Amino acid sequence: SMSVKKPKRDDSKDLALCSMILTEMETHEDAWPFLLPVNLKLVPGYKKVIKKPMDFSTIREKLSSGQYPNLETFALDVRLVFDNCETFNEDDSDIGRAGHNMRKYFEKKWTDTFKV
């Protein structure tokens, strides 16, 4: 509260570390569904159903331009990619599997980097 803060957890390297995680995300073999925004003119249903589209390129641009106030808003956008993928894709599809795989890969990197 006013004049009462817990000790400052060091956040100076967060930007760089989130960038590194994102690079690892971008270069994963199963990232292909997520690299660019879904083409809303070419994918029937997507626009109406998915209220907040997100993709890796959009996250990279937001990151590079200071649009994440903190590491948690970054993780919210990453998770949004996978949440959308689950909303739109059957688990037993290539893309549904890719999303589960990428979520798993992300969350380990996330824990190991910021919670281990």
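Whichever C-alpha set is largest while still superposing within 1.5 Å between the two forms counts as the rigid core. We number the residues from 1 along the sequence you see.
Of the two segments 6-14 and 91-99, the one whose CA positions lie farther from the displayed form in 9 other deposited structures of this protein, once all are superposed on the rigid core, is 6-14. 35-43 and 75-83 differ in mean CA B-factor, and the higher of the two is recorded for 35-43. The PDB entry records a higher mean C-alpha B factor for 85-93 than for its counterpart among 85-93 and 50-58. The deposited CA B-factor of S12 belongs to the highest third of values across its chain. Sort the chain's modelled residues by C-alpha temperature factor and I21 lands in the middle third, per the entry.
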